[PDB]
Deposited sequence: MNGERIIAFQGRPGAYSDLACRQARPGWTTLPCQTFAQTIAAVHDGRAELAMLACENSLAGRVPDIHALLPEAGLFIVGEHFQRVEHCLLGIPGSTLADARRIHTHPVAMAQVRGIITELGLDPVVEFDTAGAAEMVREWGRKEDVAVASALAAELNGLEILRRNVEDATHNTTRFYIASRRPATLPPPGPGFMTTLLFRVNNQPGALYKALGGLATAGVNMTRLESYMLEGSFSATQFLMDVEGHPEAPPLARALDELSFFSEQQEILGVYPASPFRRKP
């Protein structure tokens, strides 16, 4: 799949344009569904997938919390497209052997679980607060067939192998289970545009 990026939709669509902006040069592979987009990467028909993840006003985005780790994928980038509604996307590859070399400008997406008791999330976030680490996304998910715990996806500033994030995530681990890095990637300059 070298230099192919899959997206959900048709040629010329906004998602196609997003691919062409985010990954110049690359050949885009239109797919009808989210599952097909992830399959193309899993199966080697494409190197990357472009997945819508947030909208500022309106939209339906795929829920990736289960499917993306099941497919063995990993987030290597983000993209913002302002159409105003702003659509944010994740860019995902097959899982790399190593994380990017640490330095400035990174963000991290992770998954973790906490139990369904008051203050459970709060205890897991305490290290981040004390370390002065800024989060930028947090979303809860039901567990199938259970209400005794909740899964979370979190986007957070920094790189997991560097301060200040590393020590803060050590504390999150103390008060959660099933901690998994779903991506490490450069934060878009869109976030700092005047």
*Please list, in sequence order, every stretch of the deposited sequence that lacks C-alpha coordinates.*
1-2, 86-170
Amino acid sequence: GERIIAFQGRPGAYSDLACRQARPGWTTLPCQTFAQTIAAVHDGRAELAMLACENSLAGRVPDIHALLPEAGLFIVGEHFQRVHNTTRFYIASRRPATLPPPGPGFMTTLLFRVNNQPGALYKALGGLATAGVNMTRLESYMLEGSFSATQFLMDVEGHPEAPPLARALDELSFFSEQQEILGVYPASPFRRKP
From here on, numbers count along this sequence of modelled residues.
_Using only C-alpha atoms and the B-factors in the entry, which stretch averages higher, 137-145 or 164-172?_
164-172
_Mean Cα B factor from the PDB record: higher for 12-20, or higher for 176-184?_
12-20
*Checking the entry, which one of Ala58, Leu48, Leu51, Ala129 has the top C-alpha B factor?*
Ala58
*Hey, out of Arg82, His79, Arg94, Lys123, whose CA B-factor is highest in the deposited coordinates?*
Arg82
*Could you look up the Cα B-factor of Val156 in the entry and say which third of the chain it sits in: lowest, middle or highest?*
lowest
